[PDB]
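**Q** Structure provided below as structure tokens; questions to follow.
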Amino acid sequence: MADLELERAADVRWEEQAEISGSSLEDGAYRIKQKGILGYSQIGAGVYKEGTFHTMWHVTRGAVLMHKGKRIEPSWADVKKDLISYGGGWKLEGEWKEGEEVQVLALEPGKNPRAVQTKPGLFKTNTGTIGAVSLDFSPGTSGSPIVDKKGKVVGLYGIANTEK
Ligand SMILES: NCc1ccc(-c2ncc(OCC3CCNCC3)nc2-c2ccc(-c3ccoc3)cc2)cc1
């Protein structure tokens, strides 16, 4: 049994002086940490909204999450979409405009949370036109929330569906 814990990194908010383009319980952004003999290790990042924890399927892999003294049990998951919901249905219905710049609240392992302002790449798909945000963060930065100018979570780092 892998020991997976949640650690709050910061508040989820859009930052006006973020940093732009390239060159890279309650609510908030949490890191996903696994207990190891070697030491603690961050394999993912998660978003906590309306009492529901959202992360990537591959970070959690369906494993139970420990937060404080209380355990966390997954309600819903979608392996093809790489999304896992803990304690409630998916609460993140926020959509990208497809025409505006976004901020990724990156939570790289061992590194302070930072907001970076970038414009997602756009490419066609059979389902719909999808925005792609691709950066050189460590793997353990997967599940880092992506927000619009409104400060709503438009996607999780790892993919950003465009619906205008
Ligand atoms: N681990 C990275 C990754 C990236 C994209 C997909 C993927 N691969 C294929 C795919 O197909 C589109 C389906 C939409 C529902 N109907 C069938 C097609 N979608 C997606 C997808 C779409 C949206 C998200 C997302 C992130 C945060 O909030 C939503 C994550 C992954 C799978 C793994």
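Naming works like this for the structure tokens: A, B, ... for the chains as they're shown, residue 1 at the start of each chain, ligands 1 onward in shown order.
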Would you kindly return, as a count of residues only, each protein, DNA or RNA residue with an atom no farther than 10 Å from any atom of residue A:137, considering only C-alpha atoms and excluding same-chain residues fewer than 4 positions away?

**A** 8

**Q** Dump as a tab-separated table the rows for residues of chain A within 12 Å of ligand 1: closest atom pair and distance in Å with one decimal, only C-alpha atoms and all ligand atoms counted, ordered by chain and rising residue number.

**A**
residue	atom	partner	partner_atom_place_in_ligand_line	distance
A:44	CA	ligand 1	1 (N)	11.2
A:45	CA	ligand 1	27 (C)	11.7
A:46	CA	ligand 1	27 (C)	10.4
A:47	CA	ligand 1	27 (C)	10.2
A:54	CA	ligand 1	27 (C)	8.8
A:55	CA	ligand 1	27 (C)	8.3
A:56	CA	ligand 1	1 (N)	7.2
A:57	CA	ligand 1	1 (N)	8.2
A:58	CA	ligand 1	1 (N)	7.4
A:59	CA	ligand 1	1 (N)	9.4
A:61	CA	ligand 1	1 (N)	11.8
A:77	CA	ligand 1	30 (C)	11.4
A:78	CA	ligand 1	31 (C)	9.1
A:79	CA	ligand 1	32 (C)	7.9
A:80	CA	ligand 1	32 (C)	5.9
A:81	CA	ligand 1	31 (C)	4.1
A:82	CA	ligand 1	33 (C)	4.9
A:83	CA	ligand 1	30 (C)	6.3
A:84	CA	ligand 1	27 (C)	9.9
A:85	CA	ligand 1	28 (O)	10.9
A:90	CA	ligand 1	28 (O)	9.4
A:91	CA	ligand 1	28 (O)	10.3
A:92	CA	ligand 1	28 (O)	7.4
A:93	CA	ligand 1	28 (O)	8.3
A:94	CA	ligand 1	28 (O)	8.6
A:95	CA	ligand 1	28 (O)	8.9
A:96	CA	ligand 1	28 (O)	10.5
A:104	CA	ligand 1	27 (C)	11.8
A:124	CA	ligand 1	12 (C)	11.7
A:125	CA	ligand 1	12 (C)	8.5
A:126	CA	ligand 1	18 (C)	8.3
A:127	CA	ligand 1	18 (C)	6.0
A:128	CA	ligand 1	12 (C)	8.3
A:129	CA	ligand 1	12 (C)	10.4
A:130	CA	ligand 1	22 (C)	8.5
A:131	CA	ligand 1	23 (C)	9.8
A:132	CA	ligand 1	4 (C)	9.0
A:133	CA	ligand 1	4 (C)	10.2
A:134	CA	ligand 1	2 (C)	10.6
A:139	CA	ligand 1	1 (N)	10.3
A:140	CA	ligand 1	1 (N)	11.8
A:141	CA	ligand 1	1 (N)	11.4
A:142	CA	ligand 1	1 (N)	7.8
A:143	CA	ligand 1	27 (C)	7.6
A:144	CA	ligand 1	27 (C)	9.1
A:145	CA	ligand 1	27 (C)	7.7
A:146	CA	ligand 1	27 (C)	8.1
A:147	CA	ligand 1	27 (C)	10.6
A:152	CA	ligand 1	28 (O)	11.7
A:153	CA	ligand 1	28 (O)	8.2
A:154	CA	ligand 1	28 (O)	6.8
A:155	CA	ligand 1	27 (C)	3.8
A:156	CA	ligand 1	27 (C)	3.8
A:157	CA	ligand 1	26 (C)	6.7
A:158	CA	ligand 1	2 (C)	4.3
A:159	CA	ligand 1	5 (C)	4.5
A:160	CA	ligand 1	23 (C)	5.8
A:161	CA	ligand 1	23 (C)	5.7
A:162	CA	ligand 1	23 (C)	9.5
A:163	CA	ligand 1	23 (C)	11.5

**Q** Give the answer as one residue: which of A:23, A:17, A:34, A:112 has the shortest atom-to-atom distance to residue A:2, using only C-alpha atoms?

**A**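 Looking only at the distances to residue A:2, the closest residue turns out to be A:34.
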
**Q** Calculated over only C-alpha atoms, which of the candidates A:19, A:27, A:98, A:73 has the smallest distance to residue A:4?

**A**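 Using only C-alpha atoms, residue A:4 sits closest to A:73.
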
**Q** To one decimal in Å, tell me the separation between atom CA of residue A:26 and atom CA of residue A:39.

**A**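 Atom CA of residue A:39 lies at a distance of 26.6 Å from atom CA of residue A:26.
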
**Q** Once DSSP has gone over the backbone, tell me which residues of stretch 74-159 of chain A are in strand (DSSP E or B), as a PyMOL selection string.

**A** chain A and resi 74-78+83-86+96+102-106+114-118+121-123+130-132+145-147+153-156

**Q** To one decimal in Å, tell me the separation between atom CA of residue A:29 and atom CA of residue A:122.

**A**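 Calculated distance between atom CA of residue A:29 and atom CA of residue A:122 is 25.9 Å.
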
**Q** Do you have the atom CA of residue A:22-atom CA of residue A:41 distance handy?

**A** 26.9 Å

**Q** Would you mind listing what lies within 8 Å of residue A:149 as number ranges by chain, with only C-alpha atoms counted and same-chain residues fewer than 4 positions away left out?

**A** A: 14, 101-103
